[PDB]
Amino acid sequence: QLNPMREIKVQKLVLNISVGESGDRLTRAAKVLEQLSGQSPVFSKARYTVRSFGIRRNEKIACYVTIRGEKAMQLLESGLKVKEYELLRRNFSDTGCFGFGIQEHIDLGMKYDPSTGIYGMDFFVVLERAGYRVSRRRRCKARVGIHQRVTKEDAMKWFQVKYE
Amino acid sequence: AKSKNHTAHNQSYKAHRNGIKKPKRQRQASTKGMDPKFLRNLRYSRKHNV
Amino acid sequence: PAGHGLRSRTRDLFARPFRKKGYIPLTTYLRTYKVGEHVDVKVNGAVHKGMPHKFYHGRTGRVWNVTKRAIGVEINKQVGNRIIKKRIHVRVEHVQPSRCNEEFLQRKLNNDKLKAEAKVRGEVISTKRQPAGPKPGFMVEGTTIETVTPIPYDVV
Amino acid sequence: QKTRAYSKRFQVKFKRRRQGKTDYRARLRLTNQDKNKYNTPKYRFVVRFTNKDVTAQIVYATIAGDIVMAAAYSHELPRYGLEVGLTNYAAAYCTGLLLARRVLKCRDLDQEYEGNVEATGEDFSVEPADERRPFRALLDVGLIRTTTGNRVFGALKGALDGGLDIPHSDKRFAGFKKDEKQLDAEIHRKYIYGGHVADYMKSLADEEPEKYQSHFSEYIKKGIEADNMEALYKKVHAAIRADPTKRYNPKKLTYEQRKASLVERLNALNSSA
Amino acid sequence: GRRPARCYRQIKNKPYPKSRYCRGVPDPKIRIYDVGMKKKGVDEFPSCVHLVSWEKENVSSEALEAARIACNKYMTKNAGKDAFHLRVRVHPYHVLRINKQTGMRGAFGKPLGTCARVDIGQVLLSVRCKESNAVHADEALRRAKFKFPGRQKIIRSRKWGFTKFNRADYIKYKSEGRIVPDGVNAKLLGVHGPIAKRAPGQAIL
RNA sequence: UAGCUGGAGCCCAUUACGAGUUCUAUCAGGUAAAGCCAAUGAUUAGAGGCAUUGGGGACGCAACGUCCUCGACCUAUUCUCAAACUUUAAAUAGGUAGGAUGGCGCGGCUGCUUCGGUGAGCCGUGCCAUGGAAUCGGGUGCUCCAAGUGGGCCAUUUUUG
RNA sequence: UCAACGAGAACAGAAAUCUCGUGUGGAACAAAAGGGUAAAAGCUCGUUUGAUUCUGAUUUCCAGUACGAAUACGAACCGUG
RNA sequence: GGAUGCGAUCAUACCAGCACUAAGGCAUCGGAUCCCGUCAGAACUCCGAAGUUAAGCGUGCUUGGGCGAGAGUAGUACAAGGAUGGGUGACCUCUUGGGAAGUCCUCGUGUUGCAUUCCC
RNA sequence: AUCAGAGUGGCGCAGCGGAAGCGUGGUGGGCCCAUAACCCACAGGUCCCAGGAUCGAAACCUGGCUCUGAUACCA
Ligand SMILES: [Mg+2]
Ligand SMILES: [Mg+2]
Ligand SMILES: [Mg+2]
Ligand SMILES: [Mg+2]
Ligand SMILES: [Mg+2]
Ligand SMILES: [Mg+2]
Ligand SMILES: [Mg+2]
Ligand SMILES: [Mg+2]
Ligand SMILES: [Mg+2]
Ligand SMILES: [Mg+2]
Ligand SMILES: [Mg+2]
Ligand SMILES: [Mg+2]
Ligand SMILES: [Mg+2]
Ligand SMILES: [Mg+2]
Ligand SMILES: [Mg+2]
Ligand SMILES: [Mg+2]
Ligand SMILES: [Mg+2]
Ligand SMILES: [Mg+2]
C-alpha cells in the first residue's frame, strides 16, 4: 500500500578507511575522512593480534565516520558518480542496505592540501522508513513491523526508479 | 595398628537414655540480642509508666 | 572449617528452580513480619547476604527479632541429647510466611463462636476434632456387577 | 525460526520488562520499606511525560498493585488558564504544583504548609513546622535520563513550592552550572515561567517569518505573545493554588467453529489433487 | 591377557563411564553394531527374532564381539548375506578396573576393559528377516547364545521388523495409508501439524 | 574433654507437662525410578534435503550451472547410556502447629516509627475462653560430686576399595 | 549488551575495520569446582576510598571453647547518586 | 467494548508467521535558539503540532513450537515392614502398607488492582 | 615397578613467552692443470604428538610416544 509514512530515506552514511598502522599513515587518513565529512572522525582499535597483517591488540588501525543529513546525500551521490551510478546487485544486504568503495581523489576536494595520499574508502549506506525509532528508543523498544522494513528488493527499486 | 576409626554406632542409643531434652518453655522470653534502638525505647516507656 | 566449608554440599540445595531465576518478585519484600509469627526458611541462591547456613533451609521457626532488611528466626537444632534453640538473622529474601497454623486460627475463631453460640442455648458442647472412625451400616442398590478373574499368563 | 529446545528452556522476564516500561532495580529500591516499620508505605512521587501530556501521581506499594493517593495531568491545565505548551518545563512546574496542592488538601495539611506562593528559582525546602512534619515522597523518574534542565526537575520544584518534602539536591535544576557548582536562580526562574520559550519566539519572528508561524501556531492562534509569559503563567499558578481539586474486536472462535473450519480445510486439501 | 570373566560377572559398582574423570581407557572390542544389510526397508523384513538376557550381569566387550561374529558367519552361510539384518542392542559403556611387596595400599585400579550392564528381560541381539528364513534366524542366535555368560532366551517379536508396531497394527495402518516409511523405521501419521505440510492423500483426522 | 553410669538430694506433680508413636494441617528435599524422541556429555544406523564453491572426475568453446564421489551441513527419525548429567520425580526419613504462656474492650507510657493514633511494643484495669486430635505416662524438673570407658566385634538392609 | 551466527562494503581472503538482523547467555566475572548474575554481578565512562572508628551479638567449626571466615543491628564519620 | 500512568501474578502472559481496528489515548512525527548530548539532534535532551495509522500498541487466526491442565502410562518402576519364603546363585515371590516419569492422546492460551479517560 | 631427565637444521648442541641459531655438513661461483685446504655468497627447520590457559609459545600445566639414570631393605 502507498501510505506516505512509508517513504524510504537514508538514516546514515558511514565511511570506513582501514589501514593497519598508526602514527602518521592513519593520522592522515583521519584528515581526508574529516575533510570529507565535516566532523571529527573516530579511530577503531584492533583485536586478535593477527601477525600476518602485523597488528597488535588494542592498537588503532582504522578510521570511520557516520554522516547523516544533507551532507550525506551530497556526499553519497558524489561517490555514486564515481561508480557511474551502478552497483553489482550483490552489493545489497539481505536486510536493508548497501555499500561500495572508491579510490579517494576522484571526489571533489583538492589532493595535497596536507600532501595526503590516495586513501581508498568504504561507503556503506543504510536505508530506513519512518518509525525505525521504535527499535532504537530507550523506553518501549520493539521490532519494527515487517511492513515498515526495507527489503533488498525495495532498496533495488529505490536505487533505480529514482535518486538518479 | 590402623588407628583411625569413626562410627555413629550406639550414639542414638546414648542420646535417648536421658531423652532428647527440650528447653523449658518460658513466659517472658529473653530480649538479649534484639534491636538496641527498640530495647532502649521499651526501657524508657516502662520508666515513665504511671 | 575442619573439612567442609560454609556452602559445602549445597550444589542442589542452593540452586534456583528451573525457569525461575533472575528477577525476585515484589511480594517477598511487601510481606511484613512480627515478633511471634512463624516463618519457613528457604534460601535464595541470588542473595548472597543474610544467607542462613544450609541446616536451616527447609525448617520452620518463630520470629523473635526484626531489624531493617532482616528477620530474626528461631530454629531448634538437635545436638547430642538436647535441643538447642538457635537464633539467626536472615534477610527477607530467604524466608516465607508459613501456613503451619493457618488451620488453627480458622478453627480457633470457629471454636469461640460455637462455644458462645451454644451457650445462648443449653451451654454444653465439645469443639474437639475427631480422627476418622468406622462407617455405619447402609444399603446398596442392586445394580450392574462386573466379575473380574485372574488373567492367563501371556509370554509377551 | 527458533528451535524447540530454545522455547523449552526459555524464561520470560517480568511483563513490565518485556513491554519495556519499568526498571525493577529502581522499583525494588524505591518501594522496599524497612521491616521494622511494618506498614509505613513509601510514597513515590511519580512524574511521567508523554509526547502530548504530563502525568503526575502520588502512589504507594501494595501486594495487589499500587494505589494512587492523588493524580494530576497537564491536559487539565486549560481549566486554570494555560492552553498551549502543556509538555514544556513551565507546565511541569504547574503540574507538579497542582499535585502538591491536591494531596496536601486531601491530607488536610495544606493550611499548615502553603509552600511559597511566588515561584522562586531558588532551591526550596519547607520547614518542619511543629507536631506535624510535611508530607514526604520520593521522586520516581522512570526510564528517562536524569539530565540538568530535564523537565522532571521542573516538576520537582513545583511540588517543593507546593509544600511537599521530597529528598533532592539542586544539581539538576535548569540553570545549574556544571563548571561552577552553583545554582543560577535567575535562569531557573526564567525556565519556570517559560521564558526560555519566549526567547525562541522572539528569535524566530525576527529572523524567520515562517518558522515563527509554523513552530508556534497554537501560541499565535490564541493571542499569546512572547511578552505574555510571566503574566500568563502567574495567573495559572495562583489559580491552581486557590482551587486544588460497542463491539469492534473479533471474538475468539468457539470450539465448534474452529472444528467447523478445520474440517473444511481438511476436506479442501485432501480433495486438492 | 584378560582375567577369567568370572572376576567381572556380577554388577557390583555404580556405572563408571569414560569421562573427563575416567581417561586412559582402552578401546572396546566391538566397534560395529549393525551388520548384514542395514539398507532394506520396513516392509521387506517383517519377522523379527530377539536374544534376550534373563539375569542381571555384565557382558564384556570381547564376548559381545564374539557373539556378533558367530551370529554373522552362520546367518550368512545358509540364507545368503542379504537375507538378514543383525543389530546389537547393547553397548559397552562401563569401564572395569584392575589393581596390579605392595598390597592393599592405594588400591584404586587402573582401567582394564569395557563391558555392558545388562538386566533381566533386556534384548542383547535382534535380527529381522523374511518369515521364510526364520530358521536360520533361530539357530544363528542360539549358536550365539554360547558366547554369553548368563541365561538367555530366544523370543520372536510380536512386532514388525525393527519397528514399534504389531504386525497386526502395521498392516492395518499401512493399508489405510496412515504410515509413511522412513527406512529401517516407520512413521505413523496423526492429527497434528500445519495442514499445508501434508500431501493431499496424507491429511487425516 | 563431652557422652553413657552411680551416689546425694532438692523442687514440684495426676491440676497440668510431656512423648524414639500415630492422626489433621502445612513447609523442605533431588536418592531410587525415569529421561535423552528436553540442556551438558557419550554413542549406533540409516532416510529425506541441501550448498554462496569442504574436494574433485564428466559435461562446462562460458557462467550469478550441474550427475556422481567420500561427505560436511539442514530436517524428521532410530539403538544404546551417565557417582562427579538432568526438565520430572517417589517410598522411607526431616521441620513446624493442633489454646489457660488464647482473645477482647477501656485508658496510659515511649527518648522508637509515622504526613498523621500512624504504628510497634509495653503497662494498668476489666471482662470472656466446654480445656480445643488419638494413645500413654509423674517428671533430669533442677543441681552437685564422682567412677569406669575412649582396641570392639557380629547379623539383615543401603554402601566404598 | 555478551558468545556465536546470517547478510553486506577498495585493497580484504578462514581471519584486520565498518553496517544491519538474530541472539536465555550458549560469553564475562584474578585463580579449582560448584552455584549465582542481562536497563547486571558482564563491558565503557564519571566521581571516589565503607579495604574507616568503637565495643558488643549471632552463624559455620563446636566441647556449643579459641582462631579463621561470614552475617544482622547499635553509635559515628564519609563516598556515591 | 477500548486507553494511558503506576502495578500484582510473572509464558494459559512466550515465540513464529499473518490479518484488522470507531472514538479518545498512545505513538509515529517537525525542529535544534535554549539546557543537555554524541563521530553522528540516530540515541539522549529540549521546543513543537504541519501529516499518519505505515510501524509500535491493541485484538483475532494457525489440524503452528512452547507453556499449562486432564486422562493414560500403571497399581507398572521403585520403595517401608515381615517370612526356618523359592532358588546353587544372580535374583524373584507372597504378606502388611506407600506408589512415580517420557513417548502417546484430549482440552486451554490468561487473570487482574488503583487513578484518570474514550465510547455511543 | 615407580620416579627424575631428554626429544629443536643432515649430525652433535644451545635457545627466560617480541617468535630459530652455533659448530660441522649441503648448494652455486672463485683460486688450481686438477682435488682438498682457503675465499665469496645461497638454502635449510612435521621445535616428539594431542590439548588447554596465555597480549602473544619451541618454552607454561595437562595428557599420549620413544631413548637415559636411578631406588627398591629386615626376614
Ligand atoms: Mg579407637
Ligand atoms: Mg565433621
Ligand atoms: Mg583446627
Ligand atoms: Mg585436626
Ligand atoms: Mg534443590
Ligand atoms: Mg561480600
Ligand atoms: Mg536508575
Ligand atoms: Mg568424662
Ligand atoms: Mg547429591
Ligand atoms: Mg539412577
Ligand atoms: Mg524422567
Ligand atoms: Mg542427552
Ligand atoms: Mg510432616
Ligand atoms: Mg577419659
Ligand atoms: Mg548498572
Ligand atoms: Mg567463631
Ligand atoms: Mg665449492
Ligand atoms: Mg675445488
I'd like to know if segment E:87-108 contains one or more residues that are more than 14 Å from RNA strand F (Cβ to nearest atom), under 30 Å from E:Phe45 (Cα atoms), within 25 Å of the chain's Cα centre (by Cα) and surrounded by fewer than 18 Cβ atoms within 10 Å (Cβ to Cβ). no
Go through segment D:22-59 and report how many residues are more than 11 Å from every other protein chain (Cβ to nearest Cβ), assigned to a strand (DSSP E or B) and not basic (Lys, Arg). 9
Show the residue pairs that are 6+ apart or on different chains and have beta-carbon atoms under 6 Å apart, the first residue being within segment C:5-30 and on the phi < 0 side of the Ramachandran plot, the second being within 16 Å of ligand 2 (Cβ to nearest atom). C:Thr10/C:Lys54; C:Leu13/C:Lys54
Qualifying position, being over 30 Å from E:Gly161 (Cβ atoms) and surrounded by 13 or more Cβ atoms within 10 Å (Cβ to Cβ), among E:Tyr21, E:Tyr16: E:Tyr16
Can you list the strands (runs of 3 or more DSSP E) found entirely within segment E:92-189 that contain at least 2 residues being within 30 Å of E:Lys18 (Cα to Cα)? E:94-98, E:110-118, E:122-129
Hey, does segment A:124-138 have a residue that's touching a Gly at 6+ places or on another chain (Cβ under 6 Å), within 14 Å of chain D (Cβ to nearest Cβ) and either of a type outside the set (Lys, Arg) or on the phi > 0 side of the Ramachandran plot (or both)? no
Determine which single condition C:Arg11 fails, assuming it passes every other condition in (1) assigned to a strand (DSSP E or B); (2) of a type in the set (D, E, K, R); (3) within 16 Å of ligand 9 (Cβ to nearest atom). (1)
Among residues of segment C:45-79 being within 16 Å of ligand 2 (Cβ to nearest atom) and within 18 Å of the chain's Cα centre (by Cα), the residue nearest to C:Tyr23 (Cα to Cα) is C:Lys54
Unmet criterion (only one of (1) part of a loop (DSSP other than H, G, I, E, B); (2) closer than 30 Å to A:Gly20 by Cβ) for A:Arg138: (2)
Quick one: what pairs do we get from segment E:192-205, first residue closer than 17 Å to E:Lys174 by Cα, second outside any loop (DSSP other than H, G, I, E, B) and not hydrophobic (A, V, I, L, M, F, W, C), C-beta under 6 Å, 6+ apart or different chains? E:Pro200/D:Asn270; E:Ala203/D:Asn270
Could you list, in sequence order, all residues of segment D:60-88 that are part of a loop (DSSP other than H, G, I, E, B), more than 20 Å from D:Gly142 (Cα to Cα) and in contact with a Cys (Cβ under 8 Å, 6 or more places away or on another chain)? D:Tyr80, D:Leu82
When segment D:73-87 is examined, which residues are found to be surrounded by fewer than 24 Cβ atoms within 10 Å (Cβ to Cβ) and within 11 Å of the chain's Cα centre (by Cα)? D:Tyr73, D:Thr87
Which residues, counting only those in segment E:54-80, are small (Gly, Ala, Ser), surrounded by 18 or more Cβ atoms within 10 Å (Cβ to Cβ) and under 12 Å from E:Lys29 (Cα atoms)? E:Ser60, E:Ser61, E:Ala63, E:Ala67
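Matching residues to (1) closer than 20 Å to A:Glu104 by Cα; (2) in a strand (DSSP E or B):
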| site | (1), (2) |
| --- | --- |
| A:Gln1 | no, no |
| A:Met5 | no, no |
| A:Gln11 | no, yes |
| A:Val14 | yes, yes |
| A:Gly23 | no, no |
| A:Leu26 | yes, no |
| A:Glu34 | yes, no |
| A:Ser40 | yes, no |
Take the residues in segment B:22-50 that are more than 12 Å from chain C (Cβ to nearest Cβ) and not in a loop (DSSP other than H, G, I, E, B); name whichever of them is farthest from D:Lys35 (Cα to Cα). B:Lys47
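Cβ atoms come from the backbone with ideal geometry, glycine included; neighbour counts cover every protein chain shown. Where a number appears in this text, it was derived from the coordinates with a stated rule and is not lab data.
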